[PDB]
file upload19.cif (mmCIF, C-alpha atoms and all ligand atoms)
data_start
#
loop_
_atom_site.label_atom_id
_atom_site.label_comp_id
_atom_site.auth_asym_id
_atom_site.auth_seq_id
_atom_site.Cartn_x
_atom_site.Cartn_y
_atom_site.Cartn_z
CA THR D 2 -5.27 -20.35 -1.03
CA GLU D 3 -2.50 -17.89 -1.83
CA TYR D 4 -3.13 -14.25 -0.90
CA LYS D 5 -1.11 -11.33 -2.26
CA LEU D 6 -0.34 -8.83 0.52
CA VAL D 7 1.41 -5.57 -0.36
CA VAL D 8 3.28 -3.46 2.23
CA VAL D 9 3.35 0.22 1.21
CA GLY D 10 4.52 3.45 2.80
CA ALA D 11 7.20 6.12 2.72
CA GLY D 12 10.88 5.26 2.81
CA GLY D 13 12.13 4.49 6.31
CA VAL D 14 8.80 3.77 8.01
CA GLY D 15 9.71 0.11 8.69
CA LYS D 16 8.14 -1.91 5.86
CA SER D 17 11.14 -4.21 5.58
CA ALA D 18 11.65 -4.58 9.32
CA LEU D 19 7.98 -5.45 9.88
CA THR D 20 8.09 -8.05 7.12
CA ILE D 21 11.34 -9.65 8.30
CA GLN D 22 10.00 -9.99 11.86
CA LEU D 23 7.04 -11.97 10.53
CA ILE D 24 9.07 -14.07 8.11
CA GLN D 25 12.35 -14.62 9.98
CA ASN D 26 11.74 -13.79 13.68
CA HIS D 27 14.39 -11.10 13.97
CA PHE D 28 14.70 -7.34 13.86
CA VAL D 29 17.01 -5.97 11.16
CA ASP D 30 18.85 -2.72 11.86
CA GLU D 31 20.00 -2.07 8.27
CA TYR D 32 18.17 -3.29 5.15
CA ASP D 33 18.87 -1.36 1.96
CA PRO D 34 15.89 0.98 1.51
CA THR D 35 15.97 0.46 -2.27
CA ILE D 36 15.46 -3.34 -2.37
CA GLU D 37 11.99 -4.67 -3.21
CA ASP D 38 11.36 -8.36 -2.59
CA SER D 39 8.55 -10.80 -1.85
CA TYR D 40 8.27 -13.60 0.68
CA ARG D 41 5.98 -16.63 0.95
CA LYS D 42 4.77 -18.02 4.28
CA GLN D 43 2.22 -20.75 4.98
CA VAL D 44 0.02 -19.92 7.97
CA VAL D 45 -3.30 -20.78 9.60
CA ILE D 46 -5.67 -17.90 10.38
CA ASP D 47 -9.04 -18.41 12.08
CA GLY D 48 -8.75 -22.14 11.50
CA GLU D 49 -8.14 -21.86 7.74
CA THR D 50 -4.75 -22.45 6.14
CA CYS D 51 -3.45 -20.02 3.54
CA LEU D 52 -0.23 -19.09 1.77
CA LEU D 53 0.86 -15.48 2.20
CA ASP D 54 2.76 -13.83 -0.68
CA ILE D 55 4.03 -10.59 0.87
CA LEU D 56 5.52 -7.85 -1.33
CA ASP D 57 7.83 -5.49 0.59
CA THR D 58 7.68 -2.47 -1.71
CA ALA D 59 10.42 0.13 -2.16
CA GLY D 60 8.83 2.85 -4.31
CA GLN D 61 9.28 3.75 -7.97
CA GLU D 62 9.54 1.00 -10.56
CA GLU D 63 11.27 1.06 -13.93
CA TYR D 64 7.83 1.73 -15.44
CA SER D 65 4.88 3.09 -13.48
CA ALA D 66 2.76 0.40 -15.19
CA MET D 67 4.61 -2.16 -13.06
CA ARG D 68 3.58 -0.37 -9.86
CA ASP D 69 0.01 -0.28 -11.13
CA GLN D 70 0.25 -4.02 -11.85
CA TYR D 71 1.28 -5.01 -8.32
CA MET D 72 -1.57 -2.88 -6.97
CA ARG D 73 -4.01 -4.67 -9.28
CA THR D 74 -2.78 -8.12 -8.28
CA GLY D 75 -2.50 -7.13 -4.61
CA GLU D 76 -5.49 -8.29 -2.57
CA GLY D 77 -4.77 -6.36 0.61
CA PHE D 78 -2.48 -3.50 1.56
CA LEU D 79 -0.59 -2.80 4.75
CA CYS D 80 -0.39 0.99 4.70
CA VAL D 81 2.52 1.85 6.99
CA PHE D 82 3.54 5.21 8.41
CA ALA D 83 5.93 6.04 11.24
CA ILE D 84 4.52 7.73 14.33
CA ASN D 85 7.49 10.14 14.47
CA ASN D 86 7.09 11.23 10.79
CA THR D 87 4.07 13.40 9.97
CA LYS D 88 4.84 13.39 6.24
CA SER D 89 4.66 9.59 6.17
CA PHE D 90 1.19 9.85 7.75
CA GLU D 91 0.07 12.50 5.26
CA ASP D 92 1.26 10.18 2.48
CA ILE D 93 -1.41 7.68 3.56
CA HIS D 94 -4.05 9.90 1.92
CA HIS D 95 -2.21 9.44 -1.39
CA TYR D 96 -1.75 5.68 -0.97
CA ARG D 97 -5.47 5.28 -0.27
CA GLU D 98 -6.36 7.28 -3.38
CA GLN D 99 -3.80 5.65 -5.65
CA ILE D 100 -4.56 2.05 -4.71
CA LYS D 101 -8.30 2.59 -5.14
CA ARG D 102 -7.70 4.45 -8.41
CA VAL D 103 -5.48 1.74 -9.91
CA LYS D 104 -7.86 -1.03 -8.82
CA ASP D 105 -10.84 1.12 -9.90
CA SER D 106 -12.52 0.05 -6.69
CA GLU D 107 -14.28 1.71 -3.78
CA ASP D 108 -13.62 -1.27 -1.47
CA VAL D 109 -9.98 -2.36 -1.10
CA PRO D 110 -8.82 -4.44 1.91
CA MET D 111 -6.32 -2.44 3.93
CA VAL D 112 -4.92 -2.03 7.42
CA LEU D 113 -3.38 1.21 8.67
CA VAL D 114 -0.14 0.59 10.57
CA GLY D 115 1.52 3.19 12.78
CA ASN D 116 5.03 1.84 13.26
CA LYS D 117 8.03 2.90 15.40
CA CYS D 118 5.89 3.30 18.52
CA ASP D 119 8.96 2.63 20.68
CA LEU D 120 10.75 5.77 19.39
CA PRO D 121 10.69 9.25 20.96
CA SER D 122 9.22 12.43 19.51
CA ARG D 123 5.91 11.05 18.36
CA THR D 124 4.22 13.57 16.09
CA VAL D 125 1.12 11.58 15.02
CA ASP D 126 -1.43 11.08 17.81
CA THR D 127 -3.12 7.71 18.20
CA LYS D 128 -6.50 9.43 17.71
CA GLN D 129 -5.48 11.12 14.46
CA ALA D 130 -4.49 7.80 12.90
CA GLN D 131 -7.43 5.87 14.35
CA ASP D 132 -9.82 8.50 13.02
CA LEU D 133 -8.29 8.27 9.54
CA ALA D 134 -8.63 4.47 9.55
CA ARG D 135 -12.22 4.76 10.75
CA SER D 136 -12.94 7.22 7.92
CA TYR D 137 -11.79 4.49 5.51
CA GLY D 138 -13.61 1.67 7.30
CA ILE D 139 -10.36 -0.17 8.04
CA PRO D 140 -8.45 -1.31 11.14
CA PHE D 141 -5.66 0.71 12.73
CA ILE D 142 -2.82 -1.05 14.58
CA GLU D 143 0.16 0.53 16.37
CA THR D 144 3.33 -1.49 15.90
CA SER D 145 7.00 -1.62 16.65
CA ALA D 146 9.13 -3.82 14.45
CA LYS D 147 11.80 -3.54 17.18
CA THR D 148 9.71 -4.80 20.11
CA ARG D 149 7.39 -6.84 17.81
CA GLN D 150 4.34 -5.05 19.25
CA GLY D 151 1.43 -5.42 16.85
CA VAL D 152 3.40 -6.97 13.98
CA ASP D 153 1.72 -10.36 13.78
CA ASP D 154 -1.67 -8.82 14.51
CA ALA D 155 -1.26 -6.37 11.62
CA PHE D 156 -0.54 -9.05 9.04
CA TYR D 157 -3.17 -11.50 10.30
CA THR D 158 -5.76 -8.71 10.51
CA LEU D 159 -5.02 -7.85 6.88
CA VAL D 160 -5.81 -11.43 5.86
CA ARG D 161 -9.09 -11.17 7.78
CA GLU D 162 -9.87 -7.97 5.85
CA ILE D 163 -9.12 -9.70 2.54
CA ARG D 164 -11.45 -12.55 3.46
CA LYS D 165 -14.20 -10.12 4.51
CA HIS D 166 -13.98 -8.45 1.11
CA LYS D 167 -13.97 -11.75 -0.77
CA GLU D 168 -16.73 -13.18 1.47
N1 LIG D 201 13.21 1.66 16.82
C1 LIG D 201 12.60 1.19 15.71
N2 LIG D 201 13.33 1.15 14.58
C2 LIG D 201 12.71 0.68 13.49
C3 LIG D 201 11.31 0.24 13.49
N3 LIG D 201 10.98 -0.18 12.25
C4 LIG D 201 12.09 0.00 11.50
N4 LIG D 201 13.11 0.49 12.24
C5 LIG D 201 14.43 0.85 11.74
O1 LIG D 201 14.21 2.02 10.92
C6 LIG D 201 15.01 1.97 9.72
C7 LIG D 201 14.17 1.83 8.48
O2 LIG D 201 13.44 0.61 8.50
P1 LIG D 201 13.11 -0.19 7.16
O3 LIG D 201 12.41 -1.44 7.56
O4 LIG D 201 14.37 -0.38 6.36
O5 LIG D 201 12.10 0.85 6.45
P2 LIG D 201 11.48 0.78 4.95
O6 LIG D 201 12.26 1.76 4.11
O7 LIG D 201 10.04 1.19 5.11
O8 LIG D 201 11.63 -0.65 4.43
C8 LIG D 201 15.94 0.80 9.99
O9 LIG D 201 17.11 1.29 10.65
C9 LIG D 201 15.17 -0.15 10.89
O10 LIG D 201 15.97 -0.93 11.77
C10 LIG D 201 10.59 0.31 14.76
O11 LIG D 201 9.41 -0.05 14.87
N5 LIG D 201 11.31 0.79 15.79
MG MG D 202 12.58 -1.47 2.82
#
call {"tool": "encode", "arguments": {"input": "upload19.cif", "output": "structure tokens", "more": "lines below"}}
Ligand SMILES: Nc1nc2c(ncn2[C@@H]2O[C@H](COP(=O)(O)OP(=O)(O)O)[C@@H](O)[C@H]2O)c(=O)[nH]1
Ligand SMILES: [Mg+2]
result
Amino acid sequence: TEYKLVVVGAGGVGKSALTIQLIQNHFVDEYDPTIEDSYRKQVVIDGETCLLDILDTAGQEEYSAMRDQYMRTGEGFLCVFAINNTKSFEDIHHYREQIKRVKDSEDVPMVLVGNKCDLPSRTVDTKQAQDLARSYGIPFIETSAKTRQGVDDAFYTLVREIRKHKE
């Protein structure tokens, strides 16, 4: 089965770098922040094959209805912030609200991702992010697209969350 995964978060948090590690096994140092693209990858998770369709978002669309549409078709959401950027963490509150609002749903599969854990000047404590995820009933995973810490776990965990919702 094909699953639609959507990677959301503020500009610069590492959405593209996380996605390209999973898809292409390398860490990109410069990927235009304004490009939005999708990637397909066949995988096996918990013994069951599936086709991932991963949308690496980049923010505003020509029409806001198009952003609403990809949230409606999206089955699970990787909500990414950067651990050195408090505003990107605060934005998670808005992503949670907006995705639920567009889907008109109280139960939306999501994983909270705190990326850039290899960088200095952390401003978001592990506990603060874990507590937020727990308040939503979703997993929290610390990642680094540079070292590949957590990357594969984040995406595979999101598929598990999608299946738990559908099952
Ligand atoms: N050190 C480090 N750099 C990262 C990490 N993730 C992304 N970057 C870099 O941070 C910048 C923004 O990443 P990008 O994936 O383009 O962010 P996006 O705007 O969310 O798609 C780029 O220079 C990436 O190489 C990370 O986990 N660690
Ligand atoms: Mg990007």
call {"tool": "atom_distance", "arguments": {"input": "upload19.cif", "atom1": "atom CA of residue 73 of chain D", "atom2": "atom CA of residue 104 of chain D"}}
result
5.3 Å
call {"tool": "closest_residue", "arguments": {"input": "upload19.cif", "among": "D:126, D:112, D:107, D:44", "to": "residue 159 of chain D", "atoms": "all atoms listed in the file"}}
result
D:112
call {"tool": "residues_near_ligand", "arguments": {"input": "upload19.cif", "ligand": "ligand MG 202 (chain D)", "cutoff": "6 Å", "atoms": "only C-alpha atoms and all ligand atoms", "output": "MDAnalysis selection string"}}
result
chainID D and resid 16:17 34 59
call {"tool": "residues_around", "arguments": {"input": "upload19.cif", "residues": "residue 89 of chain D", "least_positions_apart": "4", "cutoff": "8 Å", "atoms": "only C-alpha atoms", "output": "list in words"}}
result
residues 10, 11, 14, 82, 83 and 93 of chain D
call {"tool": "residues_near_ligand", "arguments": {"input": "upload19.cif", "ligand": "ligand LIG 201 (chain D)", "cutoff": "6 Å", "atoms": "all atoms listed in the file", "output": "ChimeraX atom specification"}}
result
/D:12-18,29-32,34,116-117,119-120,145-147
call {"tool": "residues_around", "arguments": {"input": "upload19.cif", "residues": "residue 45 of chain D", "least_positions_apart": "5", "cutoff": "12 Å", "atoms": "all atoms listed in the file", "output": "PyMOL selection string"}}
result
chain D and resi 2-3+50-53+157+160-161
call {"tool": "closest_residue", "arguments": {"input": "upload19.cif", "among": "D:97, D:7, D:155, D:127", "to": "residue 56 of chain D", "atoms": "all atoms listed in the file"}}
result
D:7
call {"tool": "closest_residue", "arguments": {"input": "upload19.cif", "among": "D:79, D:67, D:142, D:133", "to": "residue 163 of chain D", "atoms": "all atoms listed in the file"}}
result
D:79
call {"tool": "closest_residue", "arguments": {"input": "upload19.cif", "among": "D:24, D:9, D:165, D:49", "to": "residue 90 of chain D", "atoms": "all atoms listed in the file"}}
result
D:9
call {"tool": "axis_aligned_box", "arguments": {"input": "upload19.cif", "around": "segment 95-107 of chain D", "padding_each_side": "6 Å", "output": "JSON"}}
result
{"center_x": -8.0, "center_y": 4.2, "center_z": -5.1, "size_x": 24.5, "size_y": 22.5, "size_z": 21.6}
call {"tool": "closest_residue", "arguments": {"input": "upload19.cif", "among": "D:96, D:72, D:135, D:40", "to": "residue 25 of chain D", "atoms": "all atoms listed in the file"}}
result
D:40
call {"tool": "atom_distance", "arguments": {"input": "upload19.cif", "atom1": "atom CA of residue 55 of chain D", "atom2": "atom CA of residue 4 of chain D"}}
result
8.2 Å
call {"tool": "residues_around", "arguments": {"input": "upload19.cif", "residues": "residue 143 of chain D", "least_positions_apart": "4", "cutoff": "8 Å", "atoms": "only C-alpha atoms", "output": "number ranges by chain"}}
result
D: 114-116, 118, 150-151
call {"tool": "residues_around", "arguments": {"input": "upload19.cif", "residues": "residue 140 of chain D", "least_positions_apart": "6", "cutoff": "8 Å", "atoms": "all atoms listed in the file", "output": "list in words"}}
result
residues 111, 112, 113, 131, 134 and 158 of chain D
call {"tool": "closest_residue", "arguments": {"input": "upload19.cif", "among": "D:88, D:36, D:139, D:8", "to": "residue 71 of chain D", "atoms": "all atoms listed in the file"}}
result
D:8
call {"tool": "build_atoms", "arguments": {"input": "upload19.cif", "residues": "segment 77-93 of chain D", "atoms": "N, CA, C and O atoms", "output": "PDB file, in the coordinates of the input"}}
result
ATOM      1  N   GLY D  77      -4.662  -7.219  -0.552  1.00  0.00           N
ATOM      2  CA  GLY D  77      -4.770  -6.360   0.610  1.00  0.00           C
ATOM      3  C   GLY D  77      -3.473  -5.617   0.814  1.00  0.00           C
ATOM      4  O   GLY D  77      -2.398  -6.081   0.412  1.00  0.00           O
ATOM      5  N   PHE D  78      -3.577  -4.458   1.467  1.00  0.00           N
ATOM      6  CA  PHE D  78      -2.480  -3.500   1.560  1.00  0.00           C
ATOM      7  C   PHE D  78      -2.256  -3.124   3.011  1.00  0.00           C
ATOM      8  O   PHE D  78      -3.179  -2.685   3.701  1.00  0.00           O
ATOM      9  N   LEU D  79      -1.031  -3.305   3.465  1.00  0.00           N
ATOM     10  CA  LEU D  79      -0.590  -2.800   4.750  1.00  0.00           C
ATOM     11  C   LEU D  79      -0.030  -1.406   4.499  1.00  0.00           C
ATOM     12  O   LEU D  79       1.024  -1.262   3.862  1.00  0.00           O
ATOM     13  N   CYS D  80      -0.760  -0.391   4.940  1.00  0.00           N
ATOM     14  CA  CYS D  80      -0.390   0.990   4.700  1.00  0.00           C
ATOM     15  C   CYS D  80       0.343   1.492   5.937  1.00  0.00           C
ATOM     16  O   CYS D  80      -0.282   1.743   6.973  1.00  0.00           O
ATOM     17  N   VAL D  81       1.662   1.621   5.842  1.00  0.00           N
ATOM     18  CA  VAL D  81       2.520   1.850   6.990  1.00  0.00           C
ATOM     19  C   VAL D  81       2.990   3.296   6.984  1.00  0.00           C
ATOM     20  O   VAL D  81       3.456   3.814   5.962  1.00  0.00           O
ATOM     21  N   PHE D  82       2.881   3.939   8.141  1.00  0.00           N
ATOM     22  CA  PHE D  82       3.540   5.210   8.410  1.00  0.00           C
ATOM     23  C   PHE D  82       4.325   5.056   9.706  1.00  0.00           C
ATOM     24  O   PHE D  82       4.178   4.065  10.429  1.00  0.00           O
ATOM     25  N   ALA D  83       5.180   6.033   9.991  1.00  0.00           N
ATOM     26  CA  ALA D  83       5.930   6.040  11.240  1.00  0.00           C
ATOM     27  C   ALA D  83       5.398   7.142  12.144  1.00  0.00           C
ATOM     28  O   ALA D  83       5.183   8.271  11.691  1.00  0.00           O
ATOM     29  N   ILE D  84       5.193   6.810  13.424  1.00  0.00           N
ATOM     30  CA  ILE D  84       4.520   7.730  14.330  1.00  0.00           C
ATOM     31  C   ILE D  84       5.347   8.966  14.657  1.00  0.00           C
ATOM     32  O   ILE D  84       4.820   9.902  15.263  1.00  0.00           O
ATOM     33  N   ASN D  85       6.621   8.986  14.283  1.00  0.00           N
ATOM     34  CA  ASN D  85       7.490  10.140  14.470  1.00  0.00           C
ATOM     35  C   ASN D  85       7.689  10.921  13.169  1.00  0.00           C
ATOM     36  O   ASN D  85       8.566  11.784  13.112  1.00  0.00           O
ATOM     37  N   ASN D  86       6.894  10.645  12.128  1.00  0.00           N
ATOM     38  CA  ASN D  86       7.090  11.230  10.790  1.00  0.00           C
ATOM     39  C   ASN D  86       5.730  11.643  10.227  1.00  0.00           C
ATOM     40  O   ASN D  86       5.030  10.832   9.612  1.00  0.00           O
ATOM     41  N   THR D  87       5.380  12.922  10.405  1.00  0.00           N
ATOM     42  CA  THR D  87       4.070  13.400   9.970  1.00  0.00           C
ATOM     43  C   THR D  87       3.899  13.264   8.462  1.00  0.00           C
ATOM     44  O   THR D  87       2.804  12.937   7.994  1.00  0.00           O
ATOM     45  N   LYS D  88       4.957  13.527   7.686  1.00  0.00           N
ATOM     46  CA  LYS D  88       4.840  13.390   6.240  1.00  0.00           C
ATOM     47  C   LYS D  88       4.445  11.973   5.846  1.00  0.00           C
ATOM     48  O   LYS D  88       3.623  11.778   4.941  1.00  0.00           O
ATOM     49  N   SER D  89       5.013  10.963   6.515  1.00  0.00           N
ATOM     50  CA  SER D  89       4.660   9.590   6.170  1.00  0.00           C
ATOM     51  C   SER D  89       3.190   9.316   6.456  1.00  0.00           C
ATOM     52  O   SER D  89       2.574   8.502   5.762  1.00  0.00           O
ATOM     53  N   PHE D  90       2.622   9.970   7.472  1.00  0.00           N
ATOM     54  CA  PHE D  90       1.190   9.850   7.750  1.00  0.00           C
ATOM     55  C   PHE D  90       0.370  10.568   6.684  1.00  0.00           C
ATOM     56  O   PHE D  90      -0.612  10.019   6.171  1.00  0.00           O
ATOM     57  N   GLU D  91       0.767  11.790   6.324  1.00  0.00           N
ATOM     58  CA  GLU D  91       0.070  12.500   5.260  1.00  0.00           C
ATOM     59  C   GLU D  91       0.087  11.720   3.956  1.00  0.00           C
ATOM     60  O   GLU D  91      -0.888  11.759   3.194  1.00  0.00           O
ATOM     61  N   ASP D  92       1.172  10.990   3.690  1.00  0.00           N
ATOM     62  CA  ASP D  92       1.260  10.180   2.480  1.00  0.00           C
ATOM     63  C   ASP D  92       0.165   9.123   2.418  1.00  0.00           C
ATOM     64  O   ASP D  92      -0.171   8.659   1.320  1.00  0.00           O
ATOM     65  N   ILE D  93      -0.366   8.696   3.567  1.00  0.00           N
ATOM     66  CA  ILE D  93      -1.410   7.680   3.560  1.00  0.00           C
ATOM     67  C   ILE D  93      -2.598   8.125   2.711  1.00  0.00           C
ATOM     68  O   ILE D  93      -3.229   7.305   2.035  1.00  0.00           O
TER      69      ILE D  93
END
